[PDB]
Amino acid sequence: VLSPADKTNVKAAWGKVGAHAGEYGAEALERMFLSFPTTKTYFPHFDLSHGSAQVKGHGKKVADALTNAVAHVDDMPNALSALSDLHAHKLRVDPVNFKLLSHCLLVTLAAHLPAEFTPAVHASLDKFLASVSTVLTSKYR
């Protein structure tokens, strides 16, 4: 459960990403593919090498998804319902993987926004990403 402070924190931090939104998401993704190679198998249709137009494309998609959660932090199950269905029903993504990506996201954030990534805020972001992962995995059937 997120607190008002977590909320204020995550909002605040995310805000400093600006036009870099899709660029970071693409990085986190790359980070993930490299550190955790098992996750590569969910994208046989993408070229995952550095600079891949696809990864760049998907990164932005991921970047927006999260902005949506940030904007709809108090109604996350609902805002993300559409994607929850995608990941579990159609994609069948192992729930284990939402933890690897949530990590590669924090990594990328600290590597680009050091003045924002304080311990209090790192706490907030972790709780956030976990809430998200909780929702995109809340629909297995």
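Residues carry their position along the shown sequence, with the first being 1. If you superpose the two forms and keep the largest set of C-alpha atoms that fall within 1.5 Å, you have the rigid core.
Asker: Quick one: with the core lined up, is it 80 to 88 or 25 to 33 that wanders further in 6 other deposited structures of this protein, going by C-alpha RMS?
Answerer: Relative to the shown form, the greater RMS C-alpha distance in 6 other deposited structures of this protein belongs to 80 to 88.
Asker: Aligning on the core, I want to see which stretch wanders more in 6 other deposited structures of this protein. Is it 106 to 114 or 42 to 50 by C-alpha RMS?
Answerer: It is 42 to 50 that deviates more in 6 other deposited structures of this protein.
Asker: Of the two stretches 88 to 96 and 46 to 54, which shows the higher Cα B-factor on average in the entry?
Answerer: Between 46 to 54 and 88 to 96, it is 46 to 54 that shows the higher mean C-alpha B-factor.
Asker: Report the stretch with the higher mean CA temperature factor, choosing between 97 to 105 and 112 to 120 on the basis of the entry.
Answerer: Of 112 to 120 and 97 to 105, the stretch with the higher C-alpha B-factor average is 112 to 120.
Asker: Comparing against every modelled residue in the chain, figure out the third that the C-alpha B-factor of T41 lands in (lowest, middle or highest).
Answerer: Answer is lowest: the recorded C-alpha B-factor places it there.
Asker: Quick check for you: using the entry's CA B-factors within this chain, is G15 in the lowest, middle or highest third?
Answerer: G15: CA B-factor falls in the highest third of its chain.
Asker: Give the position of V1 by CA B-factor within its chain, expressed as the lowest, middle or highest third.
Answerer: Highest third, going by the recorded CA B-factors of the chain.
Asker: Looking at the entry's B-factor column for C-alpha atoms only, identify whether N78 ranks in the lowest, middle or highest third of its chain.
Answerer: Within its chain, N78 is a highest-third residue by C-alpha B-factor, going by the deposited values.
Asker: Could you say whether, by C-alpha temperature factor, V62 belongs to the lowest, middle or highest third of its chain?
Answerer: Its C-alpha B-factor belongs to the lowest third of this chain's values.
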